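Encoded as structure tokens, the following chain is the form deposited in one PDB entry, with no partner shown.
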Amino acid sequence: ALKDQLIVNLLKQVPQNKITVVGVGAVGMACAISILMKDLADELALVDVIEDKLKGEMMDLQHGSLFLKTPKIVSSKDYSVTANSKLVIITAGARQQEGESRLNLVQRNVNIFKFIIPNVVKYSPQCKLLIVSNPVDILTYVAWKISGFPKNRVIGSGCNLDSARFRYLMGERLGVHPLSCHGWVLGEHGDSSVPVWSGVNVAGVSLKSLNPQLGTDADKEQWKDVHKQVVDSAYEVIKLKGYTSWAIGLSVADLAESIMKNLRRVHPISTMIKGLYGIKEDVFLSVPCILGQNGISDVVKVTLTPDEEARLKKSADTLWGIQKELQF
């Protein structure tokens, strides 16, 4: 053979930094291209239930291999293809229509997770689970209960995107890059999210100390419209292009980088909140977490104003109202 004329084999194949993306819809493929372009993995595996679509997506990424540093890209409906993953990203399930809450996807997606989650853990016992499908906070709780994994290893993309949207809008109003505009959107990745105005700052300068009316209806510059734009973002983009993909793709690759490179950066992501802010139930929602190689190792206790804390508890209550009725 030509290969044997050209190459003398001297050694008789396990990946060290494998990532799996489950679900090849627009979200899944945006996560895949973003991870591929951040050189986070030595192996990328894709999984879906639509055979042709799955093979087409895999081939299209494979054909870009010359321009990447991920030497193996594979796919299958069979979960054996996901074996030995360090990180498994779940982007499978129904997505919200225009005028539909992420909360309305819960029954369809819990039922899908009942199949996906045990199959993922069967082949990747050392992985961290990164939940992206909606409603993310409830689905992170669901994946945790199903997986048998400790809670540090089951992470929801949560408010990492809401916070990036908030920082972009703030940056645009101020003429400062989003990197230098600090601001946290916490709670549900959805309608009941909480903008933490008390912590909004540039170079440690509290914007609320300069303008006490910040984020209230009495604010002359209406900064509450910034949070409203954050809440409405997915709806607005869905109305315009039919779905969202790029921003969530980059937000998930951001979380994947902190995990794969054990950075211990702080992210507002879905985790168990029981024990904080008087929350007594197994509610999962976004709070700033330290994220690394073992997932969520620590939770930051944000000092919230009385109104911010009440809003966060109201967000926990909304999530509990849906979660408490789940059968799985």
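Sequential numbering from 1, following the sequence displayed. Rigid core (definition): largest C-alpha set, two forms, superposition within 1.5 Å.
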query: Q13 preceded by how many uncoordinated deposited residues after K12; finding: 1 to 3
query: Mean C-alpha temperature factor, higher of 305-313 and 21-29; finding: 305-313
query: Between the two ranges 194-202 and 247-255, the one averaging a larger CA B factor in the entry; finding: 194-202
query: Criterion, highest CA B-factor; candidates, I73, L186, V231, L214; finding: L214
query: Residue of maximum C-alpha B factor among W223, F166, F113, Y123, per deposited coordinates; finding: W223
query: Entry-reported Cα temperature factor of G242, expressed as the chain third it lands in; finding: highest
query: Modelled-residue ranking by C-alpha temperature factor, third containing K280; finding: highest
query: Record-listed C-alpha B factor of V266: chain third; finding: lowest
query: Among modelled residues of the same chain, the CA temperature factor third for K274; finding: highest
query: Modelled-residue ranking by C-alpha temperature factor, third containing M59; finding: middle
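The discussion below concerns the form deposited in another entry, not included here.
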item: Conformational change between the shown form and the other one, one of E100, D78, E172, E236, C-alpha moving 2 Å or more after core fit; value: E100
